[PDB]
Number of protein chains: 4
Amino acid sequence: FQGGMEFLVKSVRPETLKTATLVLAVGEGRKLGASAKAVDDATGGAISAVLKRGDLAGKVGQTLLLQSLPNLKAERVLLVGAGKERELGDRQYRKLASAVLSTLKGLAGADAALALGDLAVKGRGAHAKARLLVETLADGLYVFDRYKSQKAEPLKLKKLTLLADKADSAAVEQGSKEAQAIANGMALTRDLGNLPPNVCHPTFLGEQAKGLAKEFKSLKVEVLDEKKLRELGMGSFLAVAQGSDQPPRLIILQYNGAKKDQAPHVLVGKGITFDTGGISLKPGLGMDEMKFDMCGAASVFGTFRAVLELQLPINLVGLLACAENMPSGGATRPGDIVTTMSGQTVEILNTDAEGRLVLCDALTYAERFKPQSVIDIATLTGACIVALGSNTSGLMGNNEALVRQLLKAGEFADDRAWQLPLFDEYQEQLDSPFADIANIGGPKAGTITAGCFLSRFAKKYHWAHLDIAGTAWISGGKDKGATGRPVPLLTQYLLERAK
Amino acid sequence: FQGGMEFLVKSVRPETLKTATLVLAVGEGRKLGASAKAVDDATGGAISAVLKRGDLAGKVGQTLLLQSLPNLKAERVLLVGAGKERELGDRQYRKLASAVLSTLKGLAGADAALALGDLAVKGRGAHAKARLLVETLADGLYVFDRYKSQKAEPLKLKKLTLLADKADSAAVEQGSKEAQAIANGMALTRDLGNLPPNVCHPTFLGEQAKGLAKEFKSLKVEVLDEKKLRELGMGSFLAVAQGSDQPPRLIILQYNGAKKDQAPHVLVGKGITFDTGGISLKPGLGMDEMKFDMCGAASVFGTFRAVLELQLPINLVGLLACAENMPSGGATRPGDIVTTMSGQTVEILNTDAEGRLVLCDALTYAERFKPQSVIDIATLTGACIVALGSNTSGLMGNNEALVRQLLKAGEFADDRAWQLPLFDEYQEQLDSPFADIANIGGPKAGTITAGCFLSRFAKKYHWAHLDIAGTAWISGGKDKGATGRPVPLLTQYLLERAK
Amino acid sequence: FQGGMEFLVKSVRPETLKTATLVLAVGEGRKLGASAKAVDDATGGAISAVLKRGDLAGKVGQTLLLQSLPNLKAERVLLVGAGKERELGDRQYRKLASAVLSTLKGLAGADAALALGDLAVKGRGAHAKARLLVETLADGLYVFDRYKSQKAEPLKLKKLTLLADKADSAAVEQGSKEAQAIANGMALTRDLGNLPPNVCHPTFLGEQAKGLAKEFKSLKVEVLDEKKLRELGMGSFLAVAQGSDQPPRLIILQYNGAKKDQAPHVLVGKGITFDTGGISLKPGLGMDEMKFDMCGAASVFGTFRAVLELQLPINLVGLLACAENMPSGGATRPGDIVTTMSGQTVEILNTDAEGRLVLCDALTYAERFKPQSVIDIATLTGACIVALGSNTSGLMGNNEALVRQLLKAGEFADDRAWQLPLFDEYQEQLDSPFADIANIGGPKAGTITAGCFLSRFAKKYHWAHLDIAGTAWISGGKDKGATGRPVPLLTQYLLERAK
Amino acid sequence: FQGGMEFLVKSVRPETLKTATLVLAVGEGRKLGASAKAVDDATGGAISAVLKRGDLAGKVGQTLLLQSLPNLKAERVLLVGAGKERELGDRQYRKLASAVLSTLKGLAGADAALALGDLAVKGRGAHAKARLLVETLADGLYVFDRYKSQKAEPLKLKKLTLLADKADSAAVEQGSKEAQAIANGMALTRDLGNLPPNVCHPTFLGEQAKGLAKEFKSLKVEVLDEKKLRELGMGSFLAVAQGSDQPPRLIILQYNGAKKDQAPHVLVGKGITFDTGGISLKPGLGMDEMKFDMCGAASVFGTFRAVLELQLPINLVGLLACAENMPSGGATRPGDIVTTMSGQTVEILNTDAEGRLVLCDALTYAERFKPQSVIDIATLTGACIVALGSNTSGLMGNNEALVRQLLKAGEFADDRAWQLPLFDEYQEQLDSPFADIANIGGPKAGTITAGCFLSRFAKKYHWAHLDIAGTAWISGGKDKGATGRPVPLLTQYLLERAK
Ligand SMILES: [Mn+2]
Ligand SMILES: [Mn+2]
Ligand SMILES: [Mn+2]
Ligand SMILES: [Mn+2]
Ligand SMILES: [Mn+2]
Ligand SMILES: [Mn+2]
Ligand SMILES: [Mn+2]
Ligand SMILES: [Mn+2]
Ligand SMILES: [N+]
Ligand SMILES: [N+]
Ligand SMILES: [N+]
Ligand SMILES: [N+]
Ligand SMILES: [N+]
Ligand SMILES: [N+]
Ligand SMILES: [N+]
Ligand SMILES: [N+]
Ligand SMILES: [N+]
Ligand SMILES: [N+]
Ligand SMILES: [N+]
Ligand code: NA
């Protein structure tokens, strides 16, 4: 959006650091770890004297804010509860970080220093903790207000310092730098997802890609229009697009950070900038949330943004299949049969199963790059939400080594996915009496049969499919909006592939 | 519809009046009233002799038709029951009058004389009873047969005489003249509402206003097109119209019957020629009645027609926001954010809440006339039918004096409205995380939330809002069609303001 | 598809006929019939000996396939069970024929000889049986695979011989010749119905009619476009078409096989190439089956094709009213009022009752031919499926003799219809307060009131109406697709009218 | 629940008062008020020095918590923002009070003192501000946890002191005493509403009434079982109950606090302890919220509990009509006709319109008390939520003075209602061809026709009807549960009647 937050790692003593706010952890009910103890001592016991009064039980995320304490160079000391466990899990760690950030946002302090190195998080060393902490803090600063007449008061907080021991400082620094690049990527993804569909159409996304190439000389962009798509034979891509006044776009991103002889990784993103269902029209209730139907393509933008900042030694291709799905006098009809670019014919039984019809033509297009892996990302099926809910993405693929790599990256990022099977027995649900493939398989196993459909275009390479219909946005409440998932998972996968 | 039926007030004796039909009231179980007693005596008791056979019980609206009676100059005598009550209520008086017109319409009499001045109506004097009676009779003669190949046989009845004492004659005459103007306006409103949506589109309504100016030289008319609406920055209005092939129109009516120093009264009407719901498409059952979605604009035409006939000493402005809500490949999508003329940003969560989107821009435009009152009329919410039904109109406003003036006028006209609260606690339902206002507030308090939306565009003037979704038309049966409401309330309001 | 199967009638001894497969009937628990006995004796009881081992119970359609048997010139003998009754019904006869064909299809034999003359069929002589047997066999060979990349293996089976006694062969061969012409017409009807709606639009059907005229020089074709339809005043036909990008067509077919002084029979076909419902949009589930909403017109194609092959001495006219029904910003709205060719005005309460709106203008057009009968065929109401299911067509009409003729033809063809009454009491369900006719009559008696609507345009001639909404296609499963009904009923009607 | 928080009014100086937490208001960008300035002065400018740092913007409900300040006897000072307005609205005042309570709840302080006398609340003097403030604080302490295995930690906070000038202290004292009685009644109401329906059945409510009579010697209780209801002839009440295994109860409460010659006020409460809808079964989703269908009766409990605490000089009668609405083999069927106690026959078209069927027999029973007002309270129609939402109760009545008294009471209580009209034109929606009254009037004006039905049993006295379907509970979120409305309105009505 703008960003700006400076994240610094320092190895200095907390009790003499000049800062507007020093942040210390307090266990249930006091316990005081090493850093907090040293600060207490420096004040002559004022902190333990306050805690003894009992206002802070020490549960995860509780807070107690003190002003000037004797002999400290911190204008304020913020105590945050760390619970009673010796180690926190990932969810408690994030909750603790978010409670700290929420307090700091309301203060007029220009910086804060985090003396949180004494916290233990299950399975996480210094680098893995920094990645989680900094990503939560940086992504927590996200603001989208460009159509609000009354904008939010700018934050006074402009700097966050992570205190670490000198032996850990290099690991914390590296984790912080990667986390910032990921958060910057998610901010781009969230902006693209949150924009209204009358602004964020396929032509607009083409221009956004060209702008990203202006910012990053390492990025090459090409944008194909409908004439080029028809030349290439993308009959099912064009079938989705034809009902709309807005022309479709295929956006190609290319980054060559490795040797010319290294096979590229390809990211394929579903970019339906608004999904009405078409002639198979959706119900009205909640259909404004279909502006998030391009979050797949948005996450390819976000991942490129993070990789371009980090300058990873990999070769990366992004393919964004962008169209708007509208009803009209020239829209695709249920029962239409079209010829995909692969040559397979498809009977379009349901015009609201349109994401797989733009992706399948992009998966055929991807063959030309001779890729060592191909991952498509798409807000594809409501069935995935029934299967896995809103906090775990659906994952399928035709190569188990690649599926394993993506699961592992999702566990490290705390951006988790879960595999569903593409057993051959499911494929017959896509049989059509009239064409090579039907575009829907009926009410059983909807997420899997959608993956089975895509698999038929991905046989020439190692391929996986992330269904992010549940994880790409929040539906309601104060926090309705795009999430930026799965940029953390995708970037961590590429970070490992780059070693 | 031409009408052209003559209403006369006379003070002559009923029993020597030459007429095709003389109409007398007969009470239930009490003595003939003064007039009927005199006619009975004139005939030598022939009427009381017939009534003694017991065919006419005297219940409200029952009738007995007699041919020629001794010593009378009426070719026929129509007896109509008046009930047992000393005073009739408004509904009973209307029912009595409709029973009389029904019988007269089936007769070959060219004229009829009504001797009903002995009837008492609760809270109603001579002028008030005449307003109700003449309005009922004139509007009951309304006929719409434009698209019928077999048109109705013309009525022989062409003159109706109201017999009144010389002391009440002036008041009865003033009531008849005002009631006739109201019924003429109602006939224009009913015609415009009953017209098919393929004929009555926004361009047609602009040509009808130009015709009203050719008939009334005191009326000035300006019709603005989409290009001018864009110069004015009316984004909400243009968003509702973009999906249709039919161009939008803002019709401006201006009548100056008072001095240039008198601030104008502004009437703003919803002119949605047809409401399909848009991308948020409505179900098909009953969608034909969405041709009555321009009855608010039609009510402004009708009130102007009544005021132009009565030449009232007032300055009146009419703003008719006209558009057609249609599904298309260029139609507004749920989630679109638009900038209103006021600069306020609006997130259109539901394309079927488009009436408020054409009215908000019209209310902003109304500010230029420095109005002393601004009243919007719209078939806005079906929640108003759940709240107040089809007999009472919803009324909301930012000024208690204007709301009370409109409620008193509705009580005088027997075209009643009812106030619903615009408490500030309802406004939060229109909160959007992406814009200044959401166009919908949820399943609770729909009528109030629509008024709260319009209130954000009416803060610079005294404003009121009439929801006529349930009162502007009858859904089915043999009397399916436009009602002409709320022209009676609006003309009574303007008559009180002209004094 | 291309057909090609040769049907021959021969009167030779079954046991010396050289054939790839000789087909014999075996009764359940009764002795072999005359033909089967003679073949068994020719083998020395080989067939008796096999049947004694009990593998073939002889239930209708059971089979037992033998290779080479002593002293026969058939490479194979196929035994098919014929049940235990002395006569078969039409359903069992068809079952038997289909089981035989299914076995032959899977064999590598180039021909087969059917020694089935012994079978008896309730109420069917030699000609009636041959009509049923050959039509079932020929139509059973239909294949639609033009959008399958992997096409079916061509059959080895190219010739079928019917063995008949010399006394019967003349009737058998006439039944066979008629059955083949009917099957060829069905194949054309089935192809046109099975084509996807993005290919088979009204312009495509027009070109298909021109192609049929190049094939049969006796056929004259004229294709009218939108401009000519507007010249003719076809307002309700045009209202259906106006929402779509695809222009409408009225296709006129004329065949004069009789003297010029003899009045023609007219077939009027509903050619809605896809039915979305329009603004009154259908639900998405199963909407792909609306490509069959032109099977009415397709059956007129197929009837002409069979009549042209047979060169019947009749004068025959076909009118195919073709349009596509889509939602758009210019589509017809519920509540629109239009003027039909006939001058009657119609209120379009429901844009999904569109078939009768193109048919009524075609019925008026048909007056110019001064016909002696007019039959319209249409997939008109889902209510007919509720009434009569998927195996009996609904039949209505204004002439009792014509209705009787069609029922009798249906019984003979085993393609049955059933009459529903058009009692004048139903007509008032189509009363509109605004026009001469409403296009729908509510939820009661939906098939009948659609018939009553059409009857108002057919008063000048003898007319009947076939509602084939249930019989024109099979909805799901392996055999999903067009049926070709009612070509067999219609052709049998013309055959009888030609005598 | 237990309650028992001590509320005291004192007139001492805030700056020398010994307290665990002193609470002061801070304006947004205006000077500290008198109290707050006195305290700042006594600390030598410590509070103003902190505020200059800028952490507390001063918006309504923002907080800043300080520890020991120099020269104060307060262990802690809580600063709470009061906005920038000179006067607060009721909503802002409650929000401010709730933010203070939320902070105190989390502290270990045993008491707190509130120096908020400088706050102006629009339209409210000392007594009216105290009523609102103390009711918000006391009701905000409510806890319901009897089926949770993990109970909430008891609060340390046990005493709240309101600081007031000696000139206002008597009025603040009186408001505080009334507010705590109202809050105690709401706690009983909320407990009864929150109990699960397998515990809180009609018999249980009867025993609860007896327990209330043990606690308050002024209260007399009578509990009638199904035998007694039938002897009284309450066929409509019994019709609702018969489908359930739980027997019904009519509970009569009587309190005689005035001279025996004062006519009583009667409160009639709908106590449907669970509403399945019966044979007219409700949908499954959200049906758990039908345990709140006895909140009408619970509010009569709560109002008595407050009146008995205050010992008001009034005569008060309570009638709780309690039944459970279940489907079974003996349940009332749609179309049953029953004879009410009044003798009017009712045709039960919908067994889910059951509240009015138990209330109507209670309204007839109420005649024996010769009351000067009768008020029924019922979670009656979901249509009320459509008309007025979740924050305003619907109000209807046969006496304009009584209706105005209740509206005024609700405005003072900030527990508002809104009148809907019972025009005679609505009554005909209850016409039945088979009985004196139908129990439903169709989809229009559902709240009004329900009031119309009840009005037919209330003609012998001044009567009003509160529809609390939207205000009696909260549906979801953290705060799902009964609200205790309209106990504040009813108690304020009784307070004014007792002067
Ligand atoms: Mn979709
Ligand atoms: Mn989609
Ligand atoms: Mn609408
Ligand atoms: Mn509308
Ligand atoms: Mn249709
Ligand atoms: Mn159709
Ligand atoms: Mn109920
Ligand atoms: Mn209930
Ligand atoms: N402090
Ligand atoms: N955790
Ligand atoms: N693989
Ligand atoms: N990883
Ligand atoms: N996202
Ligand atoms: N309107
Ligand atoms: N059969
Ligand atoms: N022709
Ligand atoms: N026949
Ligand atoms: N029917
Ligand atoms: N009855
Ligand atoms: Na989707």
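Residues numbered from 1 in each chain as written, not as in the entry; some residues may be left out. Chains lettered and ligands numbered in written order. Part of a larger assembly, values for the part shown. Heavy atoms only, no water.

Going by the header, the method for this PDB entry is X-ray crystallography, and the resolution given is 1.97 Å.

Peer 1: Which parts of the structure should I look at to understand the sheet that holds strand β4 (residues 77–81) of chain B?
Peer 2: The pairing of strands in a sheet comes from backbone hydrogen bonds and takes either a parallel or an antiparallel form. All names here are of chain B. Taking strand neighbours across the sheet as the criterion, the six strands line up as β1-β6-β5-β2-β4-β3 in an open arrangement whose pairing is mixed. Looking along the sheet, the strands with just one partner apiece sit at the ends: β1 (6–10) and β3 (63–66). Put simply, the sheet's adjacent strands are angled 25° from each other on average, direction ignored. As judged from the five bridges shared by β1 and strand β6 (residues 159–163), these two strands associate in the parallel manner. (Pairing = 2+ DSSP bridges. Helix = DSSP H or I, 4+ residues; strand = E, 2+ residues; numbered from the N terminus. Axes fitted to C-alpha atoms, helices over the stretch in contact; angles between N-to-C directions.)

Peer 1: Sorry if this is basic, but what is going on with the coordination of the manganese ion (ligand 1) here?
Peer 2: Any two of four tetrahedral donors ideally make an angle of 109.5 degrees at the metal, while pairs among six octahedral donors ideally make 90 or 180 degrees. Residues and elements named next belong to chain A. For the manganese ion (ligand 1), every protein donor is listed as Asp275 (OD), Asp352 (O), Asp352 (OD) and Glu354 (OE), and the spread of their distances is 2.1 to 2.2 Å. Sequence positions of the residues that donate to the manganese ion (ligand 1) give the spacing D-x76-D-x1-E. A gap of 3.2 Å separates the manganese ion (ligand 1) and the manganese ion (ligand 2), which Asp275 links by coordinating each metal. (Donors = N, O, S within 2.8 Å, 3.2 Å for Na, K, Ca; no water.)

Peer 1: Can you help me understand the interface of chain B and chain C in this one?
Peer 2: The figure often quoted for interface size is the accessible area lost as the parts come together. Across the contact, 26 residues belong to chain B and 21 residues belong to chain C. In total, about 1900 Å² of surface goes out of reach between chain B and chain C, with carbon and sulfur atoms giving 60% of it. The closest approach of N and O atoms between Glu324 of chain B and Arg333 of chain C, which form a salt bridge, is 2.9 Å. Linking chain B to chain C there are ten residue pairs in polar contact. The class makeup of the residues in the side of chain B that touches chain C is ten nonpolar, ten polar and six charged. (Contact = heavy atoms within 4.5 Å. Buried area = accessible area lost by both parts, 1.4 Å probe. Salt bridge = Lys/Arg side-chain N within 4 Å of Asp/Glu carboxyl O. Polar contact = N/O pair within 3.5 Å; in protein donor to acceptor, adjacent residues only side chain to side chain. Nonpolar A, V, L, I, M, F, W, Y, C, P; charged D, E, K, R; others polar.)

Peer 1: Where do I start with the coordination of the manganese ion (ligand 5) in this structure?
Peer 2: Residue and element names in this part refer to chain C. Those protein atoms acting as donors to the manganese ion (ligand 5) are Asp275 (OD), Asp352 (O), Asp352 (OD) and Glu354 (OE), and they sit at 2.1 to 2.3 Å. All donors of the manganese ion (ligand 5) come from a single chain, and their spacing in sequence reads D-x76-D-x1-E. Residue class for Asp275 comes out buried when judged on its relative accessible area of 3%. According to the relative accessible area criterion, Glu354 is buried, its value standing at 1%. (Buried < 20%, exposed > 50% of the residue type's maximum accessible area, 1.4 Å probe, protein only.)

Peer 1: Looking at this structure, how should I read the pairing of β3 of chain B?
Peer 2: In summary, the side chains of a regular strand alternate between the two faces of the sheet. Residues and elements named next belong to chain B. Only one face of β3 is covered, namely the one carrying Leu64 and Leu66; the face carrying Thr63 and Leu65 has none of its residues buried. Pairing of β3 with β4, which is carried by four bridges, proceeds in the antiparallel orientation. Its bridge partner being in β4, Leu64 is matched across the sheet by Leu79.

Peer 1: How do you make sense of the interface of chain A and chain C when you look at a structure like this?
Peer 2: Listed per partner, the contact involves 21 residues of chain A and 25 residues of chain C. Here chain A meets chain C over a buried area of about 1900 Å², counting both sides, of which 59% is carbon and sulfur. Sorting the residues of chain A by area buried against chain C places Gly329, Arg333 and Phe434 of chain A first, and these three jointly supply 34% of that buried surface. If you look at where chain A meets chain C, you find one salt bridge. Between chain A and chain C we count nine residue pairs in polar contact in total. Mapped by element, the contributors of at least two residues to the side of chain A that touches chain C are β13 (336–339) and β14 (345–348) of chain A. Looking at which element gives the most residues to the side of chain A that touches chain C, the answer is β13 of chain A, with three residues. Split into classes, the residues belonging to the side of chain A that touches chain C amount to ten nonpolar, seven polar and four charged.

Peer 1: It is not clear to me how the pairing of strand β19 (residues 463–467) of chain A should be interpreted in this structure. Could you clarify?
Peer 2: All names here are of chain A. With five of five residues buried, β19 lies mostly within the body of the structure. In β19, alternate side chains face the same way, and those of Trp463, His465 and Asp467 on one face and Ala464 and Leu466 on the other are all buried. As paired elements, strand β15 (residues 373–378) and β19 share five bridges and run parallel to each other. By the bridge assignment for β19, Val374 is matched with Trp463. Both strand β16 (residues 393–397) and β19 contribute to a ladder of four bridges, which runs antiparallel. Each residue of the ladder has a partner; that of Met396, found in β19, is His465.

Peer 1: Just to check I follow, could you spell out the environment of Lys73 of chain B for this structure?
Peer 2: On the secondary structure map, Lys73 of chain B appears in the loop between β3 and β4. Look at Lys73 of chain B and you get partly exposed, because its relative accessible area is 48%.

Peer 1: Where do I start with the relation of the copies chain B and chain C in this structure?
Peer 2: The pair of chain copies shares a relation made of a rotation about an axis and a shift along it. With an RMSD of 0.2 Å, chain B superimposes on chain C once it is rotated by 120° and translated 0.0 Å along the axis. The symmetry that links the two subunits is that of a three-fold axis. Minimal C-alpha distance to the rotation axis in chain B is attained by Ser328 of chain B, lying at 2.8 Å. When the interface residues of chain B are mapped onto chain C, a mere 8% of them again fall at the interface, so the copies present different faces. (Least-squares fit on C-alpha atoms.)

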